[PDB]
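Chains as they are written, first to last, in the authors' numbering: chain C, 39 to 766; chain A, 39 to 766; chain B, 385 to 430, 433 to 581, 586 to 590.
The beta carbon of each residue, even a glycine, is placed where N, CA and C say it ideally should be.
Quick notes on the structure that follows.
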Amino acid sequence: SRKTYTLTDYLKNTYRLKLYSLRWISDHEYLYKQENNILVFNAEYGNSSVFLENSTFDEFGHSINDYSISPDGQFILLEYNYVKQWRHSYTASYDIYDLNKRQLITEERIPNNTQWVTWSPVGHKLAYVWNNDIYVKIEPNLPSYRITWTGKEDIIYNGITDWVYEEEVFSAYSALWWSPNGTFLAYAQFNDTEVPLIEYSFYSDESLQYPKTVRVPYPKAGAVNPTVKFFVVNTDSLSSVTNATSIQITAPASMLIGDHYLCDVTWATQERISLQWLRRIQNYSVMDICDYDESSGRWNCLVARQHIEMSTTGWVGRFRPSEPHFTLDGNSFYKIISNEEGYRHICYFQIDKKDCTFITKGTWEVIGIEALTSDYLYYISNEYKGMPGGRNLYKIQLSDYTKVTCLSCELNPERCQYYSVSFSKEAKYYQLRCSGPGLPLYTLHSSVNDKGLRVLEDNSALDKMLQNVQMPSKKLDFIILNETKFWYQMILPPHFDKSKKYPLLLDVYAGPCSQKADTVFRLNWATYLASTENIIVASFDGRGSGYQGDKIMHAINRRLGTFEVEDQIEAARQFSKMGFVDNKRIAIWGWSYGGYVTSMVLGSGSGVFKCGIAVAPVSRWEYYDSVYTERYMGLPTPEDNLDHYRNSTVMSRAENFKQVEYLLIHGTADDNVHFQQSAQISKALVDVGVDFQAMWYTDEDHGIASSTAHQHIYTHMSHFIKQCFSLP
Amino acid sequence: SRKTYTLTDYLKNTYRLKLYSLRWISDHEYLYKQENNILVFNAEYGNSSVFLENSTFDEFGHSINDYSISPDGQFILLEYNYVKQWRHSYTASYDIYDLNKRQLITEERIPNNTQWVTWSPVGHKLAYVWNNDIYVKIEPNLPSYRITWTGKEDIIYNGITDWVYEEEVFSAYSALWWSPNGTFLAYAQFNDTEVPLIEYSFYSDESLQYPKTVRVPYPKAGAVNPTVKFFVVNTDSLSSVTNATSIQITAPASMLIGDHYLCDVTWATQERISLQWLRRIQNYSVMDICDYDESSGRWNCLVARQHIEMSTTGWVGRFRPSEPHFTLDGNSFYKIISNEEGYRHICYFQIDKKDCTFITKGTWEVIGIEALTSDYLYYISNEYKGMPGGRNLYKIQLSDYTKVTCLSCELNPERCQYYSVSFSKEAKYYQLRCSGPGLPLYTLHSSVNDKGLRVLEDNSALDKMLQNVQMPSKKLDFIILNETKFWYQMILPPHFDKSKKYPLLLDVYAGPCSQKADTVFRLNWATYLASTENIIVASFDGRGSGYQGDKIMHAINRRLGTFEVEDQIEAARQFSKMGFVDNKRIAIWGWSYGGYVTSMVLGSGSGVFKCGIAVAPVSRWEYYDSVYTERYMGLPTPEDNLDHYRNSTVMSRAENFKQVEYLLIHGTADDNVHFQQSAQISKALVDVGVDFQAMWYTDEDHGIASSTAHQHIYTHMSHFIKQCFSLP
Amino acid sequence: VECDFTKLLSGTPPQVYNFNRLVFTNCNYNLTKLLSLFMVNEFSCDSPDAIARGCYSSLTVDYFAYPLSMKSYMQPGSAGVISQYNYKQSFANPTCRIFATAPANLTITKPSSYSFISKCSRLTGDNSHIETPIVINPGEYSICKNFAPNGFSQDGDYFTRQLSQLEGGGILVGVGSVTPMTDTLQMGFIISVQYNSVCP
Ligand SMILES: *[C@@H]1O[C@H](CO)[C@@H](O[C@@H]2O[C@H](CO)[C@@H](O[C@@H]3O[C@H](CO)[C@@H](O)[C@H](O)[C@@H]3O)[C@H](O)[C@H]2NC(C)=O)[C@H](O)[C@H]1NC(C)=O
Ligand SMILES: *[C@@H]1O[C@H](CO)[C@@H](O[C@@H]2O[C@H](CO)[C@@H](O)[C@H](O)[C@H]2NC(C)=O)[C@H](O)[C@H]1NC(C)=O
Ligand SMILES: *[C@@H]1O[C@H](CO)[C@@H](O[C@@H]2O[C@H](CO)[C@@H](O)[C@H](O)[C@H]2NC(C)=O)[C@H](O)[C@H]1NC(C)=O
Ligand SMILES: *[C@@H]1O[C@H](CO)[C@@H](O[C@@H]2O[C@H](CO)[C@@H](O)[C@H](O)[C@H]2NC(C)=O)[C@H](O)[C@H]1NC(C)=O
Ligand SMILES: *[C@@H]1O[C@H](CO)[C@@H](O[C@@H]2O[C@H](CO)[C@@H](O)[C@H](O)[C@H]2NC(C)=O)[C@H](O)[C@H]1NC(C)=O
Ligand SMILES: *[C@@H]1O[C@H](CO)[C@@H](O[C@@H]2O[C@H](CO)[C@@H](O)[C@H](O)[C@H]2NC(C)=O)[C@H](O)[C@H]1NC(C)=O
Ligand SMILES: *[C@@H]1O[C@H](CO)[C@@H](O[C@@H]2O[C@H](CO)[C@@H](O)[C@H](O)[C@H]2NC(C)=O)[C@H](O)[C@H]1NC(C)=O
Ligand SMILES: *[C@@H]1O[C@H](CO)[C@@H](O[C@@H]2O[C@H](CO)[C@@H](O)[C@H](O)[C@H]2NC(C)=O)[C@H](O)[C@H]1NC(C)=O
Ligand SMILES: *[C@@H]1O[C@H](CO)[C@@H](O)[C@H](O)[C@H]1NC(C)=O
Ligand SMILES: *[C@@H]1O[C@H](CO)[C@@H](O)[C@H](O)[C@H]1NC(C)=O
Ligand SMILES: *[C@@H]1O[C@H](CO)[C@@H](O)[C@H](O)[C@H]1NC(C)=O
Ligand SMILES: *[C@@H]1O[C@H](CO)[C@@H](O)[C@H](O)[C@H]1NC(C)=O
Ligand SMILES: *[C@@H]1O[C@H](CO)[C@@H](O)[C@H](O)[C@H]1NC(C)=O
Ligand SMILES: *[C@@H]1O[C@H](CO)[C@@H](O)[C@H](O)[C@H]1NC(C)=O
Ligand SMILES: *[C@@H]1O[C@H](CO)[C@@H](O)[C@H](O)[C@H]1NC(C)=O
Ligand SMILES: *[C@@H]1O[C@H](CO)[C@@H](O)[C@H](O)[C@H]1NC(C)=O
């Protein structure tokens, strides 16, 4: 009996998954940072050159965490004084270091507390956002040019996104979109004036004797939403003697009748852009394609160029409507469009033609387009062996749509089944990063003949040190409940026997379009629970889970917290009726949405489960933000959906909590799911009179990412699980 | 066998203590609320006659809350729509009901959300505060006269105390003081402009989706205190055509050097008022006696009439300087000050001669002055058998100071030892309220010859119910320690034998001038712990406990958390070596300051204690309010006492918490001890990495007096105690 | 040259502690025109005829804002707070006092209010507990003059300043009261003169 995966092994990160992260600067080469040194690698022959040394790093007076490379390679951007604000937003200080002169630029440096700096795709044009204002530098040793004058703290955002767009719509802090050769700069301006504010106290270090109040514009469900504008400025005609001007590309006439969003921006060709707008009632999206007019100097958009995506059964897209992948000439594009049956597939589009011809067909979904040069299109799909939890890279000839070849199906079937790819500039070389059932293996390929040039990382040392530990297994299978295939995963303890009965902890997320039963290798809390405590950690993909067709995903439309809860309960019943699961030692835990599902499962009065953990759960859907709630539930007006808004609350079913043990953990400084929801849960549970456990984590975000708080919360959940299961 | 005192009996209040609350309205008549009927009683004869009917007030659509009687008996003041704001402050609606006409007066009603209404001591003058402004009504069916025009919400308080004065200085919401015959109205104005605010979120009922944030003017330790002004307005010269003029009485110039407080206001005679001021460094206080002249109408306070009280070793007074008790002529008064030996006793003072002559001496402290007539003076002291816990009533003769008669020493030696008194208007009668080792007993006496008239209440049915059930027994004794007796109490379980070792829970407050070993009969959580779980609950009075002389009380001056913690640890050591206490099952719990003492004992690393509860504890003394912290520690100024301010934090002892079990309970909407404090404790404990338990109670004040929250918190405390002691 | 009472009617009048001595009319002295424009409310001093005609040597004047609703503290013999702190009548020279009221004509500009120091005592001691009031000479200014000589805004204004040595070496506390403004301005004229150029 050798050693096991202990809790301190997970908390202290003793077994580290080695990551081979590279960035292509050209067709031929890429950069890999190793031993605090930047090295150029020629993909054809190996050829480990050198780009930067330790001398540049230690000659400065401050530590540097991240670097950025100019595309021409003549400049490097150094980032220091990192102060994180949100999940994607940050503020930092920057300085430009020249490589041709090997000297640091000291004239007109980037000011302190800069929100976002981006390089032009070609050349060395630099545009940065400071105090919610856009400044463009043609040269790093030249004064900046002011673009926007309407920036204001927590009111107007220019070139950057506010909270709700960054969290849900754009999934990034950047609202700047350069032209393909760095001529036009397209930015989005957000107005936050009627948006109501959330106020939570912030208890800082012990020196601060008065807690600060954090004021964040947070549009809750049914409240006012930010208004988005769009602008395009010309960087070629920038002069310091006059103000720069921008031309506002307005929404289509079908979008200005009501509230609208701006979900996707993509530069289609050298002089045209393709905006994608989405209605507040998120089942009607229109993509607007606009061409630059040289004669008038403005941007015109044609009605016939508009393309309309509709969803009668539910919402449009998976999370956001997918980005288009235009061709080289810009006269056609490829988009992920749901079929008539329901599955999402690639549809070949034309600019001036409404109809599109699908190029892929089946009972599988295309995850996303990656690259296309002139003749083959590379996409990721879950077609291989009918597994929605596995991803592989496929290529399809543009002329003949029947010609489909898999470049990652047969590379290593027993080890890698979850592929993610990164391509070069002209897509002649791609790096396959498989994270399947085996250890993550990194390879380098040439797209001309699809031959493996070399392996970049195969985790040999981790494979060496994993022989001394009893690693848990992982079984992926399905059950047929309502004449349909529903997949589930199980992390099983080592030396697993079907005769012996084990405790089962149901790790549940159950979010809309969420996959929890994929073949991804993980070293997490479930690994410790299976290896050390001998606890089966199981996940299920019920109704509402994505990558399985629109029939399964859109069954949860306008009814949240009903079908996923019964699906989790029925999955637990099937797991207990299989035979190797103890019927009296079933638990359930979750984070965010997972906590909400756990709360409704424990409050359902089913009696299957013994104890439950809800880490920062959602309590009432009026409390959560507008975009996420309104996408899957609609507006809470009295005549549309207020009944299920007031029927799908945790506090309405607090009477049934007396039969279960509840652990409620939430961070006080949480901005995604505020402390108000757990406060209301606690208030309802003490009004009914139910005994339960609780813990607040001060100055903690949604993820509880600080190392001390992360170790403490996982130790406390481990203690609660051990006490609930009557384990030593 | 027979039943025990269960937790359900304590929380549901099945064994209810019967009280006899009476209000004197004349020399020999007092009121009583029996069966929702106001009854006039006679002191000499005992016959009762009905004053107010049932149906005379329930004919309205709003249920009344409490009644206020005019001294002439012409009107009754009824209150309803009770809304609690702080511990003492509230807002309610009021209406006046006539008793001769027997109708309601709807001519000029008192407006809604009235803060504080008081009757004149004679006549039927009214003085109510609305929107922090003073309104005075000569007759209830007449228009009101506005006194103060400068009132503002959370800025200027006119006639009502702000937060800090109500909590610490005045211990009431009333800042209005009528003249003895209802001619002059004395009010104090509080300025809160430069004082910083405290922000805590208030997550209200589930319908509200955006939490409110509460703004309270809260001067912390080292912050800026509120500025007080004092005014007296003549109510006999009121007119409806001109504004009322208020004459301001300035503070003594000894206090104008720096910050100062107004701590006590007492009317001497019809034209003389005595003011007591307290310095910001609360060890120098002066009493200002002011006369009203007729030539100018200005209140003049002579320098020769000032009386100076100072303490060279600690702070003056017990909590605030003691109020004087003037004679009929107003040329002399009796006051409680500390003698040369350090014990509080009564001085005969003269308003022109500086020196005082002590009329009481010994090793005991006079608790308070109750009633003064020309022939005798009545006071309460802890002289009898030398027990500081006991209270008895004594009368001294003004002509001969060596003739002291005790009126409650031998009324019932084995039942009643903690006496409280309530004299009549002329102090011709006094109702004695004993609450000794036995059940509370309420007797009525006449001061003409000290003859017992009758027994108002003796709790007969409660005696039957308590002799049905097993109940714990108290025990009062002391230990020698460092040649100074320190008293303690122990609530022993029923059928208590010394041979069997019992678990100990050291119920601790240990506040400055706090008594925790008094002979008071209480039906509390400790009685449930002793009667059901067989837990010895103990309390101790170490250094800093009051009513034992200034040498004991002032040992903790400028040093908090270093002496009383050591005394609590030493008391636990002595209790463990008594013989009947299991050393491995000793716990500790406390409220507010008791939570701070518990946190410090657990962080001391002594190893005596196993687990600890600290509900709403004090963490750092720079977080508590200015008056309470600066009275016992001084300013956090880095040339005076910053070393002990930064040495007396719980967070400095966070590493030693690893050997004990910690339960941290706090209310989110607390105003006395903020949620910042427990947030900092939790942050330190998760930064060190100490496993501990926590619990938050939303929308709960410092008291946590809501029934559901009270039941839940005491059930959770019982669960934690039972799981810590492994009780069957 | 020719001189008269021209500087007394210029600008805002000061208060009783901020009194302005002025010496003029050395060559010629003008009679019964300041009394004509500003009528007299009382004339009693330790006669109008003796001060009206008769040559003199040096004439000084005293003027300050002084309401008629409070007049009895400043007497030849009195124990008022104004007499002890703010201003005391001088008896070294033949002097007479005059209290005047502004008529309906607005020739003079009104100040905010009438204010005067109620307490000008000195604090000294180990704990600053000994109190000693500072009486003032009839011909000297009160030492609390620097606490806002323009006036006191409210009734309870206290301003403190640590005194220099060469003055007592203790903390000085100055508290000044205020009376409400009347309908018209009101002047306190005090004229002192000693026995030769100042002649009618
Ligand atoms: C309650 O206290 C506050 C301050 O703690 C008082 O406000 C203060 O009012 C005075 C006027 O009486 C202000 O003085 C003025 O300041 C301005 C600007 O410097 C200056 O130009 C004027 O000549 C005059 O000196 C003072 O600044 C102000 N302090 C503040 C606002 O912080 C307030 O009056 C008090 N309440 C009552 C009812 O008196
Ligand atoms: C980057 O792209 C822009 C957009 O097409 C180019 O600008 C145009 O260049 C053509 C070729 O000379 C001119 O006829 C147009 O008048 C230009 N339009 C504008 C708006 O400038 C630009 O030349 C490209 N950059 C480079 C270096 O070639
Ligand atoms: C951001 O939005 C606010 C309102 O949501 C805009 O304020 C309005 O400005 C117009 C001027 O065109 C006025 O007529 C309205 O009365 C204003 N309304 C309010 C509520 O202030 C504001 O101009 C917008 N800012 C930007 C930069 O677009
Ligand atoms: C560019 O535009 C900005 C804003 O429209 C101008 O800045 C304003 O200039 C006026 C005077 O012309 C000032 O009164 C404002 O206070 C300025 N506002 C700000 C925010 O600075 C700026 O002058 C313009 N510059 C040029 C060269 O036209
Ligand atoms: C998008 O969703 C909304 C609400 O889910 C749909 O609006 C409803 O449409 C049905 C059918 O026309 C009506 O019976 C309802 O009264 C509508 N409700 C409201 C609140 O308007 C809308 O039709 C959907 N859009 C599309 C293109 O399917
Ligand atoms: C009593 O005093 C108050 C406060 O000074 C006076 O109310 C103010 O009067 C002035 C002058 O007319 C107005 O400009 C203000 O707007 C008034 N304030 C308020 C809050 O009413 C009031 O007039 C005085 N009453 C009498 C009879 O003199
Ligand atoms: C209440 O007490 C006051 C204070 O003495 C009385 O007011 C004085 O009464 C005397 C006669 O008793 C008069 O000579 C004074 O002029 C009064 N002074 C003032 C300022 O009013 C008042 O009379 C008493 N009221 C009652 C009803 O006894
Ligand atoms: C009240 O306490 C203050 C300080 O809290 C005492 O003042 C200090 O007394 C010592 C004694 O020599 C002096 O050395 C310090 O300079 C004093 N400090 C200050 C700020 O005054 C004071 O003695 C105490 N007793 C009183 C006022 O009676
Ligand atoms: C740079 O420093 C790192 C550690 O700071 C070291 O591992 C590496 O070998 C160094 N490289 C060079 C070229 O000095
Ligand atoms: C390696 O790369 C360098 C420049 O990156 C090139 O000059 C050299 O020829 C390469 N070596 C080969 C192709 O063997
Ligand atoms: C940023 O701050 C540092 C130190 O505070 C200063 O030296 C530097 O000049 C600042 N940057 C700019 C662009 O002013
Ligand atoms: C919500 O619950 C109520 C129960 O009072 C029910 O009548 C109503 O139909 C429900 N609405 C739904 C399920 O949409
Ligand atoms: C008044 O009400 C009480 C309780 O509401 C009731 O017991 C009593 O009989 C009523 N009548 C009288 C005359 O007290
Ligand atoms: C009690 O009776 C006496 C007469 O014996 C009477 O004067 C008195 O008013 C009565 N008391 C009450 C409260 O009615
Ligand atoms: C107080 O509120 C009640 C409720 O509407 C109203 O009837 C009453 O008139 C209010 N009081 C006043 C003085 O307006
Ligand atoms: C109090 O604090 C000072 C400085 O913070 C330190 O030097 C001293 O040792 C401390 N005293 C204690 C911990 O008793």
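Practice task
Could you tell me if the beta carbon of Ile193/A falls within a distance shorter than 7 Å of some heavy atom in ligand 8?
Solution key: no
Exercise for the section: Determine the DSSP secondary structure at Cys394/A, reduced to helix, strand or coil. Expected result: coil
Practice task
Could you tell me which chain A residues have their CB closer than 9 Å to the CB of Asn404/B, listed as they occur along the chain?
Solution key: Within 9 Å of the CB of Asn404/B, no CB atom of chain A is found; the nearest one sits about 27 Å away.
Exercise for the section: Using a Cβ-Cβ cut-off of 8 Å, state whether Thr94/C counts as contacting chain A. Expected result: no
Handout entry: Segment limits, alpha helix (DSSP H) that includes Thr565/A
Key = 563-569
Practice task
Let me know the beta strand (DSSP E) ranges lying completely inside the stretch 535-559 of chain B, each 3 residues or longer, listed in chain order.
Solution key: 543-548
Practice task
For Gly537/B, return the contacting residues in chain A, with the cut-off set at a CB-CB distance below 8 Å.
Solution key: Per Cβ cutoff of 8 Å: no residues; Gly537/B is ~16 Å from chain A at best.
Exercise for the section: Give me the Cβ distance between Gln388/C and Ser376/C, rounded to the nearest whole Å; I'm assuming they're in contact under 8 Å. Expected result: The beta-carbon separation of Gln388/C and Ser376/C, rounded to 19 Å, does not stay under the 8 Å limit for a contact.
Problem - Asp737/A classed as buried or exposed, judged by whether at least 16 other C-beta atoms fall within 10 angstroms - result: buried
Problem - Segments of 3+ residues assigned as beta strand (DSSP E) that fall wholly inside the stretch 663-700 of chain A - result: Residue ranges of uninterrupted beta strand (DSSP E) with 3 or more members are absent from the stretch 663-700 of chain A; none lies entirely inside it.
Practice task
Quick one: list the residues of chain A neighbouring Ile557/B, beta-carbon separation under 7 Å, in chain order.
Solution key: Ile295
Handout entry: Paired residues, beta bridge with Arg429/C - DSSP
Key = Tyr456/C
Practice task
With a threshold of 16 other CB atoms inside 10 Å of the CB of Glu145/C, please say whether the residue is buried or exposed.
Solution key: By the 16-neighbour rule on beta-carbons within 10 angstroms, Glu145/C is exposed.
Practice task
Kindly examine ligand 11 and report whether one of its heavy atoms sits closer than 7 Å to the Cβ of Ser131/C.
Solution key: yes
Practice task
Work out the CA separation of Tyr439/C and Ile397/C for me, nearest whole Å.
Solution key: 6 Å
Practice task
Output yes if chain A places a C-beta closer than 8 Å to the C-beta of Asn513/B; else output no.
Solution key: yes
Exercise for the section: Report all residues from its chain with a CB closer than 6 Å to the CB of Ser637/A; omit the five preceding and five following residues, and keep chain order. Expected result: The residues are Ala652, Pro655, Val688.
Problem - Contact test: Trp187/A Cβ vs ligand 6 heavy atom, cutoff 7 Å - result: Indeed, a heavy atom of ligand 6 lies less than 7 Å from the Cβ.
Handout entry: Boundaries (first-last residue) of the beta strand (DSSP E) holding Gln527/A
Key = 524-529
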